[PDB]
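With compact mmCIF, C-alpha atoms inside, this is model.txt:
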```txt
# COMPACT_ATOMS: atom_id res chain seq x y z
CA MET O 1 0.00 0.00 0.00
CA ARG O 2 0.82 3.68 -0.13
CA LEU O 3 -0.41 5.48 2.98
CA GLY O 4 -0.59 9.19 3.48
CA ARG O 5 -2.57 12.20 4.62
CA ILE O 6 -4.60 14.65 2.58
CA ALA O 7 -6.47 17.89 2.90
CA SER O 8 -9.74 17.49 0.96
CA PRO O 9 -12.71 19.85 0.55
CA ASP O 10 -14.37 17.70 3.24
CA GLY O 11 -11.44 17.92 5.71
CA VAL O 12 -8.17 16.14 6.59
CA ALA O 13 -7.90 12.34 6.27
CA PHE O 14 -5.51 9.38 6.46
CA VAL O 15 -5.71 7.57 3.13
CA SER O 16 -4.61 4.69 0.95
CA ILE O 17 -3.30 6.08 -2.37
CA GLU O 18 -4.09 3.79 -5.29
CA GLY O 19 -3.02 4.02 -8.94
CA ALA O 27 -5.17 7.83 -9.04
CA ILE O 28 -7.49 7.91 -6.00
CA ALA O 29 -7.18 8.57 -2.26
CA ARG O 30 -9.34 6.18 -0.19
CA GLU O 31 -10.17 7.32 3.36
CA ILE O 32 -9.13 4.95 6.15
CA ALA O 33 -11.54 4.37 9.04
CA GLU O 34 -9.57 2.24 11.51
CA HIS O 35 -6.35 0.28 12.09
CA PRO O 36 -3.93 2.57 10.22
CA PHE O 37 -0.93 0.58 11.53
CA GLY O 38 -2.61 -2.83 11.08
CA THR O 39 -4.87 -4.01 8.26
CA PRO O 40 -6.69 -0.77 7.46
CA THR O 41 -10.45 -0.60 6.97
CA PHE O 42 -12.17 2.10 4.94
CA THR O 43 -14.99 4.60 5.57
CA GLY O 44 -16.19 4.48 1.95
CA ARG O 45 -15.18 8.08 1.15
CA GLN O 46 -12.71 8.62 -1.68
CA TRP O 47 -11.40 11.46 -3.85
CA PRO O 48 -9.44 11.70 -7.09
CA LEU O 49 -5.79 12.31 -6.11
CA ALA O 50 -5.67 15.38 -8.39
CA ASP O 51 -8.53 16.94 -6.37
CA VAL O 52 -6.74 16.79 -2.99
CA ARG O 53 -3.55 18.06 -1.38
CA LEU O 54 -0.93 15.68 0.03
CA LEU O 55 0.28 16.54 3.55
CA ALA O 56 3.08 15.01 5.62
CA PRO O 57 2.08 11.33 5.61
CA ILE O 58 2.09 10.62 9.36
CA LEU O 59 1.73 12.32 12.73
CA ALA O 60 5.11 11.56 14.36
CA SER O 61 5.79 12.00 18.07
CA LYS O 62 9.49 12.48 17.29
CA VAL O 63 11.94 12.36 14.40
CA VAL O 64 15.25 10.61 15.10
CA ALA O 65 18.02 11.01 12.53
CA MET O 66 21.37 9.43 11.72
CA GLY O 67 24.49 11.43 10.93
CA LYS O 68 26.09 10.68 7.55
CA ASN O 69 25.84 6.80 7.29
CA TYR O 70 26.77 6.19 3.63
CA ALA O 71 29.82 4.50 2.16
CA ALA O 72 31.39 6.33 -0.80
CA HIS O 73 31.49 3.21 -3.01
CA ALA O 74 30.42 -0.46 -2.94
CA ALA O 75 34.10 -1.44 -2.43
CA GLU O 76 34.18 0.53 0.86
CA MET O 77 31.50 -1.80 2.32
CA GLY O 78 33.87 -4.74 2.86
CA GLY O 79 36.36 -3.08 5.18
CA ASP O 80 36.81 -2.47 8.90
CA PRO O 81 33.47 -1.95 10.66
CA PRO O 82 32.00 1.56 10.65
CA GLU O 83 32.05 4.05 13.52
CA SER O 84 29.09 3.69 15.88
CA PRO O 85 25.88 5.54 14.96
CA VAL O 86 25.52 9.23 15.85
CA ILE O 87 21.85 10.11 16.38
CA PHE O 88 19.93 13.32 17.00
CA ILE O 89 16.33 14.44 17.27
CA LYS O 90 14.31 16.83 15.16
CA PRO O 91 11.12 18.11 16.80
CA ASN O 92 7.82 17.14 15.14
CA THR O 93 7.18 20.86 14.72
CA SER O 94 9.85 20.83 11.97
CA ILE O 95 7.79 18.53 9.74
CA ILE O 96 6.18 19.83 6.54
CA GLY O 97 4.61 17.91 3.65
CA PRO O 98 5.18 18.06 -0.12
CA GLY O 99 4.98 21.45 -1.80
CA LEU O 100 5.09 23.65 1.31
CA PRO O 101 8.02 26.05 1.48
CA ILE O 102 11.15 25.45 3.49
CA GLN O 103 11.38 28.80 5.31
CA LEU O 104 14.95 29.98 5.75
CA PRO O 105 15.31 31.60 9.20
CA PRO O 106 16.56 35.18 9.41
CA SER O 107 19.19 33.95 11.89
CA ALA O 108 20.55 31.31 9.46
CA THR O 109 23.15 32.21 6.83
CA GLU O 110 24.02 28.76 5.39
CA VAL O 111 21.26 26.16 5.00
CA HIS O 112 21.85 22.76 3.35
CA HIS O 113 19.71 19.96 1.92
CA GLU O 114 20.16 16.35 3.07
CA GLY O 115 18.02 13.83 1.18
CA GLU O 116 17.22 10.69 3.20
CA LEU O 117 15.26 7.46 3.31
CA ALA O 118 12.79 7.69 6.21
CA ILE O 119 11.69 4.72 8.34
CA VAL O 120 8.18 5.00 9.80
CA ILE O 121 7.60 2.92 12.96
CA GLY O 122 4.33 0.96 13.16
CA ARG O 123 4.34 -0.58 16.66
CA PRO O 124 5.37 0.57 20.12
CA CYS O 125 8.78 -0.99 20.67
CA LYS O 126 12.01 -1.04 22.69
CA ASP O 127 15.20 -3.15 22.54
CA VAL O 128 14.37 -4.47 19.07
CA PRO O 129 17.00 -6.78 17.57
CA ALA O 130 17.90 -5.93 13.96
CA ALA O 131 16.21 -9.14 12.74
CA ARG O 132 12.84 -7.99 14.21
CA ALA O 133 13.03 -4.45 12.82
CA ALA O 134 10.73 -5.17 9.83
CA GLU O 135 7.83 -6.38 12.01
CA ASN O 136 7.91 -2.99 13.83
CA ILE O 137 8.12 -0.86 10.66
CA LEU O 138 4.99 0.49 8.97
CA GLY O 139 6.89 1.43 5.83
CA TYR O 140 9.21 3.94 4.18
CA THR O 141 8.96 7.51 2.99
CA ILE O 142 11.33 10.33 1.97
CA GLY O 143 12.81 13.03 4.21
CA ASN O 144 15.02 16.10 3.88
CA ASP O 145 17.18 16.76 6.97
CA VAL O 146 17.44 20.50 6.34
CA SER O 147 20.32 21.95 8.38
CA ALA O 148 21.65 25.43 9.22
CA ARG O 149 25.38 24.74 9.03
CA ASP O 150 26.24 28.08 10.66
CA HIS O 151 24.21 27.06 13.70
CA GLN O 152 26.02 23.71 13.92
CA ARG O 153 29.33 25.62 14.02
CA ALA O 154 28.08 28.08 16.67
CA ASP O 155 26.39 25.53 18.97
CA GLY O 156 28.35 22.26 18.57
CA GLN O 157 25.08 20.46 19.16
CA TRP O 158 23.00 20.15 15.99
CA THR O 159 19.55 20.51 17.59
CA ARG O 160 18.97 24.16 16.74
CA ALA O 161 20.52 23.79 13.28
CA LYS O 162 18.17 20.94 12.41
CA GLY O 163 15.18 21.99 14.49
CA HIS O 164 13.78 25.12 12.85
CA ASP O 165 10.14 24.96 11.77
CA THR O 166 9.93 23.54 8.19
CA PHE O 167 13.35 21.81 8.38
CA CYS O 168 11.85 18.29 8.03
CA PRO O 169 10.10 17.82 4.70
CA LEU O 170 8.45 14.40 4.77
CA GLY O 171 6.49 12.58 2.05
CA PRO O 172 4.87 12.11 -0.38
CA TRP O 173 3.50 8.88 1.12
CA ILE O 174 4.55 5.77 3.02
CA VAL O 175 5.17 2.56 1.02
CA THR O 176 4.43 -0.51 3.12
CA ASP O 177 5.65 -3.38 0.88
CA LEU O 178 9.10 -1.99 0.02
CA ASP O 179 12.51 -3.62 0.50
CA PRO O 180 14.94 -0.80 1.51
CA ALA O 181 18.08 -2.88 0.79
CA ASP O 182 19.05 -1.36 -2.60
CA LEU O 183 17.11 1.73 -3.71
CA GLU O 184 18.42 4.75 -5.62
CA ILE O 185 18.21 8.04 -3.74
CA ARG O 186 18.83 11.38 -5.44
CA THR O 187 18.53 15.07 -4.60
CA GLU O 188 17.99 17.83 -7.17
CA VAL O 189 18.11 21.61 -6.80
CA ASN O 190 16.44 23.45 -9.70
CA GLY O 191 16.74 20.24 -11.74
CA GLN O 192 20.49 19.85 -11.15
CA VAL O 193 21.54 16.57 -9.45
CA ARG O 194 23.39 17.31 -6.19
CA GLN O 195 23.24 13.89 -4.50
CA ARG O 196 22.87 10.39 -5.94
CA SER O 197 23.56 7.10 -4.19
CA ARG O 198 21.91 3.79 -3.31
CA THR O 199 20.66 2.55 0.06
CA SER O 200 22.87 -0.54 -0.40
CA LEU O 201 25.67 1.82 0.70
CA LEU O 202 24.13 2.42 4.17
CA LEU O 203 26.89 1.73 6.72
CA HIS O 204 24.30 0.81 9.34
CA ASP O 205 21.33 -0.70 7.52
CA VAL O 206 17.67 -0.21 8.49
CA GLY O 207 17.78 -3.12 10.94
CA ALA O 208 20.97 -1.86 12.59
CA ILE O 209 19.50 1.64 12.86
CA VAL O 210 16.29 0.43 14.54
CA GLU O 211 18.38 -1.75 16.87
CA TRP O 212 20.55 1.20 17.93
CA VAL O 213 17.75 3.76 18.32
CA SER O 214 15.34 1.40 20.10
CA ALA O 215 18.05 0.34 22.57
CA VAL O 216 18.18 4.01 23.65
CA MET O 217 14.54 5.10 23.53
CA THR O 218 11.05 3.69 23.23
CA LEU O 219 9.64 4.18 19.72
CA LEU O 220 5.92 4.84 19.17
CA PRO O 221 3.75 4.17 16.11
CA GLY O 222 4.26 7.03 13.70
CA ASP O 223 7.79 7.88 14.85
CA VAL O 224 10.20 8.62 12.00
CA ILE O 225 13.87 7.62 11.75
CA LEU O 226 15.89 9.36 9.02
CA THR O 227 18.62 6.98 7.88
CA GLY O 228 21.37 9.44 6.85
CA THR O 229 22.47 11.20 3.65
CA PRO O 230 25.13 10.57 1.00
CA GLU O 231 27.72 13.05 -0.23
CA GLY O 232 26.81 16.08 -2.36
CA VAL O 233 25.18 17.94 0.55
CA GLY O 234 25.07 21.63 -0.36
CA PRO O 235 23.20 24.90 -0.03
CA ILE O 236 19.59 25.86 -0.71
CA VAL O 237 18.70 29.54 -1.12
CA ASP O 238 15.66 31.74 -1.61
CA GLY O 239 13.89 30.85 -4.84
CA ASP O 240 15.25 27.30 -5.14
CA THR O 241 13.20 24.13 -5.47
CA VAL O 242 14.74 21.06 -3.85
CA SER O 243 13.51 17.55 -4.51
CA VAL O 244 14.47 14.15 -3.20
CA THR O 245 13.56 11.06 -5.21
CA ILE O 246 13.73 7.48 -3.92
CA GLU O 247 13.30 4.42 -6.12
CA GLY O 248 10.02 2.64 -5.33
CA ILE O 249 8.58 5.60 -3.42
CA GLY O 250 8.40 8.78 -5.52
CA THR O 251 9.54 12.40 -5.23
CA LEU O 252 9.40 14.84 -2.32
CA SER O 253 9.66 18.41 -3.62
CA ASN O 254 9.64 21.74 -1.76
CA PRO O 255 10.18 25.38 -2.72
CA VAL O 256 12.64 27.42 -0.62
CA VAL O 257 11.72 30.90 0.65
CA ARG O 258 13.50 33.56 2.69
CA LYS O 259 11.25 34.57 4.52
```
Take the structure in the file and write it out as structure tokens.
Amino acid sequence: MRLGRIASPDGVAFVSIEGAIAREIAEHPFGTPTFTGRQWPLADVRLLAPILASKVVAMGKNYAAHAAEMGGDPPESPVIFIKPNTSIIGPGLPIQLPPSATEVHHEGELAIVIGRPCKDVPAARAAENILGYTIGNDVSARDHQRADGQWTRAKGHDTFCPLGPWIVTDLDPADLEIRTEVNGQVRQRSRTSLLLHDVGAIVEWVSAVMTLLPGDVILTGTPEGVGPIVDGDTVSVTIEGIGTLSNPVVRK
């Protein structure tokens, strides 16, 4: 399935996206969903961020440069941080560059969406606790990272977590292309087969630290090619088997 959230003329709804149509879900969004009977043509509605997350956890970096780098000595341990859920925006809404930020970068990422309350999950049981996968952009004020040391402010501004366009529930994340474009120019391109810590390893690490709730999002890191976004840009992140998450950039 593809699951997401829409604003319709008749209000906001959690939906199955089929194609295209959006079919309103009644109950069991994290289980086997049932339907109310309401539906809309996808063209007639507006996609929102696809889930209500209690928190967004994110990995630093986490990509090998090349498939030949994957064999070597084991990677450094994961470095995680949190983005507040107030940073989340859906497709098409502007990333608002803060007046206090002078250098803001895009970071295209595969996003894990948790589907069950869980803690101390071994990597082998990660899939049974995952609803599915979507796309994220870990937007970051690099000047704030330099000033603060901690990355929380840099990554925590309202609008700094684009998420969408929908959550794919039957997707294998082992080897998907991920690419980021700014004004149609390719800035990042890699494959999720180059993740240093794979999805299972990430869920194992994060859930050993903190309880995860249904709807929580874990951003899995970003490849090289991270660079600036400025007023007037459009930045998009495309992941094989999911789609494209695109946002304009405004200052502000």
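When all atoms listed in the file are used to measure the gap to residue O:236, the shortest distance among O:101, O:67, O:122, O:222 belongs to O:101.
Minimum atom-to-atom distances from O:247, O:107, O:43, O:62 to residue O:120 were compared using only C-alpha atoms, and the lowest value belongs to O:62.
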Could you list, with a cut-off of 12 Å and counting only C-alpha atoms, the residues of stretch 177-208 of chain O near stretch 144-163 of chain O, each shown with its nearest atom pair and the distance in Å rounded to one decimal, rows sorted by chain and ascending number, as a tab-separated table?
```
residue	atom	partner	partner_atom	distance
O:185	CA	O:144	CA	11.5
O:186	CA	O:144	CA	11.1
O:187	CA	O:144	CA	9.2
O:188	CA	O:144	CA	11.6
O:195	CA	O:144	CA	11.9
```
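Between atom CA of residue O:230 and atom CA of residue O:200 lies a distance of 11.4 Å.
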Long-range neighbours of residue O:56 as a list in words, 7 Å cut-off, only C-alpha atoms, 3 positions minimum in chain: residues 5, 96, 97, 98, 170, 171 and 172 of chain O
Would you place a box with edges along x, y and z of the file around all atoms of stretch 111-130 of chain O listed there, add 8 Å to each of its six sides, and report the centre and edge lengths in Å to one decimal, as lines of an AutoDock Vina configuration file?
```
center_x = 13.1
center_y = 9.7
center_z = 11.9
size_x = 33.5
size_y = 48.9
size_z = 37.5
```
Who sits within 10 Å of residue O:9, all atoms listed in the file, same chain under 6 positions skipped, as JSON, numbers by chain: {"O": [47, 51, 52, 53]}
Using all atoms listed in the file, what residues lie at most 12 Å away from (13.6, 4.5, 2.6) (file coordinates), given as a ChimeraX atom specification? /O:115-120,137-144,170-186,198-200,202,205-206,224-229,244-251
To one decimal place in Å, what is the distance between atom CA of residue O:41 and atom CA of residue O:134? 21.9 Å
Atomic distance atom CA of residue O:194 - atom CA of residue O:240, expressed in Å with one decimal: 12.9 Å
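Counting only C-alpha atoms and comparing O:103, O:192, O:84, O:243, the residue that lies closest to residue O:259 is O:103.
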Neighbours of residue O:257 within 12 Å (all atoms listed in the file; same-chain residues fewer than 6 positions away dropped), as a PyMOL selection string? chain O and resi 99-106+111+166+236-242
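Close contacts of stretch 19-29 of chain O, defined as residues with an atom at most 8 Å away when counting only C-alpha atoms, with chain neighbours fewer than 6 positions off set aside, comprise residues 46, 47, 48, 49 and 50 of chain O.
The shell of residues at most 12 Å from residue O:81, with all atoms listed in the file counted and near chain neighbours (fewer than 4 positions) removed, consists of residues 71, 76, 77, 85, 203 and 204 of chain O.
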Keeping only C-alpha atoms, write those residues as a PDB file, in the coordinates of the input.
```pdb
ATOM      1  CA  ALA O  71      29.820   4.500   2.160  1.00  0.00           C
ATOM      2  CA  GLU O  76      34.180   0.530   0.860  1.00  0.00           C
ATOM      3  CA  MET O  77      31.500  -1.800   2.320  1.00  0.00           C
ATOM      4  CA  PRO O  85      25.880   5.540  14.960  1.00  0.00           C
ATOM      5  CA  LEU O 203      26.890   1.730   6.720  1.00  0.00           C
ATOM      6  CA  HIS O 204      24.300   0.810   9.340  1.00  0.00           C
TER       7      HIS O 204
END
```
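Of the residues under consideration (O:207, O:88, O:235, O:17), O:235 shows the shortest atom-to-atom contact distance to residue O:108 when counting only C-alpha atoms.
Of the residues under consideration (O:213, O:220, O:189, O:54), O:54 shows the shortest atom-to-atom contact distance to residue O:12 when counting all atoms listed in the file.
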If you count only C-alpha atoms, the residue of O:208, O:252, O:3, O:65 closest to residue O:128 turns out to be O:208
Fix up stretch 216-239 of chain O with N, CA, C and O atoms, then write it as a compact mmCIF listing (two decimals), keeping the file's coordinate frame.
```txt
# COMPACT_ATOMS: atom_id res chain seq x y z
N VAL O 216 18.14 2.74 22.90
CA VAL O 216 18.18 4.01 23.65
C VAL O 216 16.80 4.40 24.15
O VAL O 216 16.61 4.61 25.34
N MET O 217 15.83 4.49 23.23
CA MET O 217 14.54 5.10 23.53
C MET O 217 13.39 4.27 22.99
O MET O 217 13.50 3.66 21.91
N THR O 218 12.29 4.26 23.72
CA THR O 218 11.05 3.69 23.23
C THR O 218 10.60 4.42 21.97
O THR O 218 10.66 5.66 21.88
N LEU O 219 10.18 3.65 20.97
CA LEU O 219 9.64 4.18 19.72
C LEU O 219 8.13 3.93 19.71
O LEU O 219 7.65 2.90 20.18
N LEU O 220 7.39 4.91 19.20
CA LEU O 220 5.92 4.84 19.17
C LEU O 220 5.46 4.76 17.71
O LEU O 220 6.15 5.22 16.81
N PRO O 221 4.27 4.17 17.47
CA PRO O 221 3.75 4.17 16.11
C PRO O 221 3.66 5.57 15.56
O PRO O 221 3.14 6.48 16.22
N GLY O 222 4.19 5.74 14.35
CA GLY O 222 4.26 7.03 13.70
C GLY O 222 5.61 7.72 13.81
O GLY O 222 5.87 8.65 13.05
N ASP O 223 6.45 7.30 14.75
CA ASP O 223 7.79 7.88 14.85
C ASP O 223 8.56 7.67 13.54
O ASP O 223 8.40 6.66 12.85
N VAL O 224 9.41 8.63 13.23
CA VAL O 224 10.20 8.62 12.00
C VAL O 224 11.67 8.53 12.36
O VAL O 224 12.13 9.23 13.26
N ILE O 225 12.41 7.66 11.65
CA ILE O 225 13.87 7.62 11.75
C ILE O 225 14.46 7.91 10.37
O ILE O 225 14.26 7.15 9.42
N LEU O 226 15.18 9.02 10.25
CA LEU O 226 15.89 9.36 9.02
C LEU O 226 17.22 8.61 9.01
O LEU O 226 17.95 8.64 9.99
N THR O 227 17.53 7.96 7.90
CA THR O 227 18.62 6.98 7.88
C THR O 227 20.00 7.50 7.45
O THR O 227 20.94 6.72 7.36
N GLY O 228 20.11 8.81 7.23
CA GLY O 228 21.37 9.44 6.85
C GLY O 228 21.34 9.95 5.41
O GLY O 228 20.33 9.83 4.72
N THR O 229 22.44 10.56 4.97
CA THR O 229 22.47 11.20 3.65
C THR O 229 23.83 10.96 3.01
O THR O 229 24.84 10.94 3.70
N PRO O 230 23.85 10.76 1.68
CA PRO O 230 25.13 10.57 1.00
C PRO O 230 25.85 11.90 0.78
O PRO O 230 25.41 12.95 1.26
N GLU O 231 26.98 11.84 0.09
CA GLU O 231 27.72 13.05 -0.23
C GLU O 231 26.96 13.92 -1.22
O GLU O 231 25.91 13.53 -1.73
N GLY O 232 27.48 15.12 -1.47
CA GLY O 232 26.81 16.08 -2.36
C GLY O 232 25.89 17.04 -1.62
O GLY O 232 25.15 17.79 -2.26
N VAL O 233 25.91 16.99 -0.29
CA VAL O 233 25.18 17.94 0.55
C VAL O 233 25.67 19.34 0.22
O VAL O 233 26.88 19.58 0.12
N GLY O 234 24.73 20.26 0.01
CA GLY O 234 25.07 21.63 -0.36
C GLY O 234 23.94 22.58 -0.09
O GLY O 234 22.89 22.17 0.42
N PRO O 235 24.13 23.86 -0.44
CA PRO O 235 23.20 24.90 -0.03
C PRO O 235 21.88 24.96 -0.80
O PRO O 235 21.81 24.58 -1.97
N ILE O 236 20.85 25.44 -0.11
CA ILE O 236 19.59 25.86 -0.71
C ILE O 236 19.41 27.33 -0.34
O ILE O 236 19.78 27.75 0.77
N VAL O 237 18.89 28.10 -1.29
CA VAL O 237 18.70 29.54 -1.12
C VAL O 237 17.32 29.96 -1.59
O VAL O 237 16.61 29.19 -2.25
N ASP O 238 16.94 31.17 -1.22
CA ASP O 238 15.66 31.74 -1.61
C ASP O 238 15.43 31.59 -3.11
O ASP O 238 16.30 31.94 -3.93
N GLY O 239 14.27 31.05 -3.46
CA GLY O 239 13.89 30.85 -4.84
C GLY O 239 14.17 29.47 -5.40
O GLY O 239 13.70 29.14 -6.49
```
